[PDB]
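First comes the structure, then the notes that go with it.
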Amino acid sequence: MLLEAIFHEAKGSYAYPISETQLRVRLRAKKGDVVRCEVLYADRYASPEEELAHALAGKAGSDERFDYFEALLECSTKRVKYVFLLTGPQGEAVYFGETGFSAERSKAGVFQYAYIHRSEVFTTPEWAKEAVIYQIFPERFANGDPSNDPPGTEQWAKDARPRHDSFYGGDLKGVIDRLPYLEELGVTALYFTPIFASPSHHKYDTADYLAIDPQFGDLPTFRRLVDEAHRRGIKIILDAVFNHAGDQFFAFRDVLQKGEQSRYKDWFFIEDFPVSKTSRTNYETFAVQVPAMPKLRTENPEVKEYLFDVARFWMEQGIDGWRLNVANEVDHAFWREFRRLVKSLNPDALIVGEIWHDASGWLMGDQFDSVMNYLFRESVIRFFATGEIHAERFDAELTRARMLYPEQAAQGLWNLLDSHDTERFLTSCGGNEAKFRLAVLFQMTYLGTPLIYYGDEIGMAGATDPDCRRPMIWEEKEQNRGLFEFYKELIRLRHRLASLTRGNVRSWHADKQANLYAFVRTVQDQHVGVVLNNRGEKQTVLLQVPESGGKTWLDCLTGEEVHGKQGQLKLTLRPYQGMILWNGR
Ligand SMILES: OC[C@H]1O[C@H](O[C@H]2[C@H](O)[C@@H](O)[C@@H](O[C@H]3[C@H](O)[C@@H](O)[C@@H](O[C@H]4[C@H](O)[C@@H](O)[C@@H](O)O[C@@H]4CO)O[C@@H]3CO)O[C@@H]2CO)[C@H](O)[C@@H](O)[C@@H]1O
């Protein structure tokens, strides 16, 4: 076996507690190199004579070139040292420890997970495991209060193609009036884009962190919204913009007027005085040159004290969590203290970070509960939309990521198909709804928290920003209700099938020629297998189905068809059809 591909480290996503007494442990190896992987472990202070415990780690998945093995060590001492025993195809075995590789269990060395602190067991709010979030862009969602409307608001119609500087008058009142809608679709929580006072369309450049923007509403209406959504079983997640403030943020105004005599000069990153927001800048902003968003010095104890208060205030109104704008650009220090705070006020308040890339460092348990899954989005784009990759690559990309973070995180990752910063998935698919549905069908059944982008459920389309911020189509006759009901059913299934929300994922079948991929979600003895035939022609397939998880399954989308004979299941699939098999337990 190629030792150069064997991997594990006693921390991160390869060693982590799922409770105060059990250690989840993972190991990597060249695919097909190791057939059996066992872990020999014992207390860190246990005697050399004492016998070791045994833990058999089956394959939890496999990627483009590696096999991932996963074990669960019962560490009653809450301390543990351990070694790996690896065996190959033709029977060769070898030991793996911190010291290195060896045929002797001694020279292999032993890995060490010092202690397991209860305070360090990664915990996600129970409700987040089985929620289905619906992202709302207020300014472009619903106009329920016309006098809210800001100047230059444009006609609200289907054939409306937004402008970077466009306004449509949608406000919080609009969201309250549409709650009836959301309950029907079945959303569990709403994620609102920034809604505090801001002169912009997106409101990402905050004027007042403590004020609903007038065109969006007022404190009363907000309390009103929270209350009304809650009694409807819908949670509240607001956009927390702590990386940067608006050029109108009171303290920046101070800097813009009193120069160095301002007590707030130290709340931003400024090169040369006086401040010049002309076309260039003498202060650090969001992207490159973006004047309305001077970066905020979150490292400043004072700036931090302020933003937490901003958080306290709004949290006093009953909201349920935060999506953190450009979170990866604010110090972990701030965020670690942040989790400390938020959780202190509400254990179930949800913490969501916005990192469009490997956020493994924030998903260790001390900072975030999840992040919007950048990759899920990409893997789904390449497989369903563009076709840049085949079924087997899908499984690879799909699996490789899962092994990226600790189970607690992956369980809640916000798997979106799109957001306000990208093209809409329908057009992402070249308008092919067929392909589209398969992706939402999958999105709605895979490991993580589904995030519907407002309007997607009605067949709304649009290019990337700002075309993806089109006013929600509210006229039923121009709505894709055919698709709307599709969502209700998939959404419902998620709430009815425990495995789909609290289960693990193991790949079931992957055929590159068929470009057909399937997986199985499991919780206890309940097994739900999802079959995805990504081809414009229908082909039948035979999946390996060992007669122990069942020989009878029901297509929760249509109806029964248990063809398990002599260990396998022959399935004929319609084009771009997906099947969801419930093992009946
Ligand atoms: O004029 C500036 C813009 O300000 C507002 O933009 C928001 C976005 O709507 C938010 O979603 C968010 O997005 C950032 C993101 O945080 C940041 O990492 C960056 O992302 C990269 C990413 O590293 C990478 O995956 C790659 O694919 O490209 C991305 C660039 O698109 O950029 C995102 C968006 O620029 O925060 C910003 C800033 O608050 C406003 O809504 C926009 O309309 C406006 O143009």
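Residue numbers start at 1 in each chain; chains themselves are named A, B, ... in the order of the structure tokens; ligands are numbered from 1 in the order shown.
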
Find the residues of chain A that sit at most 7 Å from ligand 1; for each, write down the nearest two atoms and how far apart they are in Å, to one decimal. Count only C-alpha atoms and all ligand atoms. Sort by chain, then by number going up, and give it as JSON lines.
```
{"residue": "A:164", "atom": "CA", "partner": "ligand 1", "partner_atom_place_in_ligand_line": "43 (O)", "distance": 6.9}
{"residue": "A:202", "atom": "CA", "partner": "ligand 1", "partner_atom_place_in_ligand_line": "41 (O)", "distance": 5.1}
{"residue": "A:204", "atom": "CA", "partner": "ligand 1", "partner_atom_place_in_ligand_line": "39 (O)", "distance": 5.1}
{"residue": "A:286", "atom": "CA", "partner": "ligand 1", "partner_atom_place_in_ligand_line": "38 (C)", "distance": 6.3}
{"residue": "A:287", "atom": "CA", "partner": "ligand 1", "partner_atom_place_in_ligand_line": "35 (O)", "distance": 6.8}
{"residue": "A:290", "atom": "CA", "partner": "ligand 1", "partner_atom_place_in_ligand_line": "1 (O)", "distance": 6.2}
{"residue": "A:325", "atom": "CA", "partner": "ligand 1", "partner_atom_place_in_ligand_line": "36 (O)", "distance": 5.3}
{"residue": "A:326", "atom": "CA", "partner": "ligand 1", "partner_atom_place_in_ligand_line": "16 (O)", "distance": 3.7}
{"residue": "A:354", "atom": "CA", "partner": "ligand 1", "partner_atom_place_in_ligand_line": "16 (O)", "distance": 6.1}
{"residue": "A:355", "atom": "CA", "partner": "ligand 1", "partner_atom_place_in_ligand_line": "18 (O)", "distance": 6.0}
{"residue": "A:356", "atom": "CA", "partner": "ligand 1", "partner_atom_place_in_ligand_line": "25 (O)", "distance": 4.3}
{"residue": "A:357", "atom": "CA", "partner": "ligand 1", "partner_atom_place_in_ligand_line": "25 (O)", "distance": 6.0}
{"residue": "A:420", "atom": "CA", "partner": "ligand 1", "partner_atom_place_in_ligand_line": "9 (O)", "distance": 6.0}
{"residue": "A:421", "atom": "CA", "partner": "ligand 1", "partner_atom_place_in_ligand_line": "9 (O)", "distance": 5.5}
{"residue": "A:465", "atom": "CA", "partner": "ligand 1", "partner_atom_place_in_ligand_line": "43 (O)", "distance": 6.3}
{"residue": "A:466", "atom": "CA", "partner": "ligand 1", "partner_atom_place_in_ligand_line": "43 (O)", "distance": 6.5}
```

> Can you list, as a PyMOL selection string, every residue of region 370-543 of chain A that DSSP puts in alpha helix (DSSP H)?
Replying inline: chain A and resi 374-380+391-402+407-410+425-428+433-443+481-496+499-502

> Using only C-alpha atoms, which of A:234, A:507, A:525, A:532 sits nearest residue 548 (chain A)?
Replying inline: A:525

Determine, for each residue of region 186-304 of chain A having at least one atom at most 12 Å from an atom of region 445-458 of chain A, the closest pair of atoms and their separation in Å to one decimal, counting only C-alpha atoms; order by chain and ascending number, as a Markdown table.
```
| residue | atom | partner | partner_atom | distance |
| --- | --- | --- | --- | --- |
| A:186 | CA | A:452 | CA | 11.0 |
| A:187 | CA | A:452 | CA | 8.7 |
| A:188 | CA | A:450 | CA | 10.1 |
| A:189 | CA | A:451 | CA | 9.5 |
| A:190 | CA | A:451 | CA | 9.4 |
| A:191 | CA | A:451 | CA | 9.1 |
| A:192 | CA | A:454 | CA | 10.4 |
| A:193 | CA | A:454 | CA | 11.3 |
```

> Near residue 226 (chain A), counting only C-alpha atoms, which residues have an atom at most 7 Å away, once you skip same-chain residues fewer than 3 positions from it, shown as a ChimeraX atom specification?
Replying inline: /A:222-223,229-230,236,318-319

>> Excluding region 169-174 of chain A and its own-chain neighbours fewer than 3 positions away, which residues fall within 8 Å of it when counting only C-alpha atoms? Please give them as a PyMOL selection string.
In response: chain A and resi 138-146+148-150+153+177-178+215-217+221-222+225

> With only C-alpha atoms as the basis for distance, which of A:539, A:262, A:399, A:200 is at the shortest distance from residue 62 (chain A)?
Replying inline: A:399

> What separation in Å, quoted to one decimal, exists between CA of residue 377 (chain A) and CA of residue 343 (chain A)?
Replying inline: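 Separation between CA of residue 377 (chain A) and CA of residue 343 (chain A): 28.5 Å.
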
Surrounding residues of residue 203 (chain A) excluding itself and chain neighbours under 2 positions, 12 Å, only C-alpha atoms, as a PDB file with C-alpha atoms, in the first residue's frame:
```pdb
ATOM      1  CA  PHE A 137     -34.533  40.054  -0.501  1.00  0.00           C
ATOM      2  CA  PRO A 138     -36.956  42.585   1.044  1.00  0.00           C
ATOM      3  CA  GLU A 139     -36.493  45.384  -1.472  1.00  0.00           C
ATOM      4  CA  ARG A 140     -37.568  42.929  -4.194  1.00  0.00           C
ATOM      5  CA  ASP A 165     -29.600  51.240  -8.814  1.00  0.00           C
ATOM      6  CA  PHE A 167     -36.043  50.195  -6.417  1.00  0.00           C
ATOM      7  CA  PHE A 192     -33.627  38.323   5.392  1.00  0.00           C
ATOM      8  CA  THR A 193     -30.941  40.346   3.594  1.00  0.00           C
ATOM      9  CA  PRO A 194     -29.792  43.478   5.459  1.00  0.00           C
ATOM     10  CA  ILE A 195     -32.918  45.442   6.433  1.00  0.00           C
ATOM     11  CA  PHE A 196     -31.536  48.166   8.676  1.00  0.00           C
ATOM     12  CA  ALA A 197     -31.446  51.788   7.568  1.00  0.00           C
ATOM     13  CA  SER A 198     -29.548  52.210   4.353  1.00  0.00           C
ATOM     14  CA  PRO A 199     -29.663  54.482   1.291  1.00  0.00           C
ATOM     15  CA  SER A 200     -28.920  51.535  -1.002  1.00  0.00           C
ATOM     16  CA  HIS A 201     -31.121  48.867  -2.652  1.00  0.00           C
ATOM     17  CA  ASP A 205     -24.041  49.711   3.649  1.00  0.00           C
ATOM     18  CA  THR A 206     -25.705  50.358   7.031  1.00  0.00           C
ATOM     19  CA  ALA A 207     -26.773  53.842   8.102  1.00  0.00           C
ATOM     20  CA  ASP A 208     -28.220  52.828  11.446  1.00  0.00           C
ATOM     21  CA  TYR A 209     -27.593  49.327  12.781  1.00  0.00           C
ATOM     22  CA  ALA A 211     -33.180  51.019  12.818  1.00  0.00           C
ATOM     23  CA  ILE A 212     -35.383  49.301  10.356  1.00  0.00           C
ATOM     24  CA  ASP A 213     -34.874  51.199   7.144  1.00  0.00           C
ATOM     25  CA  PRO A 214     -37.944  53.475   6.713  1.00  0.00           C
ATOM     26  CA  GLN A 215     -38.775  52.026   3.289  1.00  0.00           C
ATOM     27  CA  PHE A 216     -38.583  48.575   4.859  1.00  0.00           C
ATOM     28  CA  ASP A 239     -28.284  39.586   7.785  1.00  0.00           C
ATOM     29  CA  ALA A 240     -25.520  40.658  10.139  1.00  0.00           C
ATOM     30  CA  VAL A 241     -23.190  43.073   8.401  1.00  0.00           C
ATOM     31  CA  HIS A 244     -18.176  46.966   6.976  1.00  0.00           C
ATOM     32  CA  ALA A 245     -20.466  49.873   7.652  1.00  0.00           C
ATOM     33  CA  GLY A 246     -22.073  52.403   5.347  1.00  0.00           C
ATOM     34  CA  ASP A 247     -20.582  55.806   4.541  1.00  0.00           C
ATOM     35  CA  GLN A 248     -23.586  57.070   6.467  1.00  0.00           C
ATOM     36  CA  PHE A 249     -22.767  55.117   9.651  1.00  0.00           C
ATOM     37  CA  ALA A 292     -20.205  53.388   0.858  1.00  0.00           C
ATOM     38  CA  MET A 293     -18.698  50.515   2.836  1.00  0.00           C
ATOM     39  CA  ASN A 325     -21.937  38.940   5.636  1.00  0.00           C
TER      40      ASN A 325
END
```

> Do you have the CA of residue 268 (chain A)-CA of residue 351 (chain A) distance handy?
Replying inline: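 So the answer is 24.9 Å.
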
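Minimum atom-to-atom distances from A:313, A:479, A:417, A:388 to residue 374 (chain A) were compared using only C-alpha atoms, and the lowest value belongs to A:417.
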
> Counting only C-alpha atoms, what is within 9 Å of residue 120 (chain A), bar same-chain residues fewer than 4 positions away, as a list in words?
Replying inline: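 The contact residues come out as residues 17, 19, 20, 116, 365 and 366 of chain A.
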
Please produce an output containing N, CA and C atoms for each residue in the selection, written as a PDB file, in the first residue's frame.
```pdb
ATOM      1  N   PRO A  17     -14.956  15.200  19.070  1.00  0.00           N
ATOM      2  CA  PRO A  17     -15.994  14.676  19.969  1.00  0.00           C
ATOM      3  C   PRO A  17     -17.403  14.957  19.455  1.00  0.00           C
ATOM      4  N   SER A  19     -19.754  14.023  21.603  1.00  0.00           N
ATOM      5  CA  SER A  19     -20.259  13.993  22.974  1.00  0.00           C
ATOM      6  C   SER A  19     -19.044  13.996  23.908  1.00  0.00           C
ATOM      7  N   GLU A  20     -19.277  14.176  25.204  1.00  0.00           N
ATOM      8  CA  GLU A  20     -18.185  14.234  26.177  1.00  0.00           C
ATOM      9  C   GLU A  20     -17.431  12.918  26.358  1.00  0.00           C
ATOM     10  N   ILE A 116     -11.509  15.502  26.372  1.00  0.00           N
ATOM     11  CA  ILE A 116     -12.725  15.913  25.689  1.00  0.00           C
ATOM     12  C   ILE A 116     -13.547  16.847  26.566  1.00  0.00           C
ATOM     13  N   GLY A 365     -16.561  24.243  15.880  1.00  0.00           N
ATOM     14  CA  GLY A 365     -17.398  24.239  17.074  1.00  0.00           C
ATOM     15  C   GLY A 365     -17.354  25.496  17.935  1.00  0.00           C
ATOM     16  N   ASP A 366     -16.302  26.282  17.778  1.00  0.00           N
ATOM     17  CA  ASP A 366     -16.136  27.489  18.557  1.00  0.00           C
ATOM     18  C   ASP A 366     -16.669  28.763  17.891  1.00  0.00           C
TER      19      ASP A 366
END
```

>> Let me make sure I understand: among A:559, A:220, A:180, A:471, which one has the smallest atom-to-atom distance to residue 154 (chain A) if we use only C-alpha atoms?
In response: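 Ranked by minimum distance to residue 154 (chain A), first place goes to A:471.
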
> Got a sec: who's within 8 Å of residue 158 (chain A), counting only C-alpha atoms, leaving out chain neighbours fewer than 2 positions off, as a count of residues only?
Replying inline: 4

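For the pair CA of residue 489 (chain A) and CA of residue 526 (chain A), the interatomic distance is 19.4 Å.
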
> Which is closer to residue 296 (chain A) than all the others in A:231, A:105, A:265, A:470, using only C-alpha atoms?
Replying inline: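 So, comparing all the options, the nearest one is A:265.
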
>> Considering only strand (DSSP E or B) as DSSP defines it on the backbone, what residues of region 201-340 of chain A qualify? List them as a ChimeraX atom specification.
In response: /A:208-212,235-240,244,270,283,285,294-295,321-324
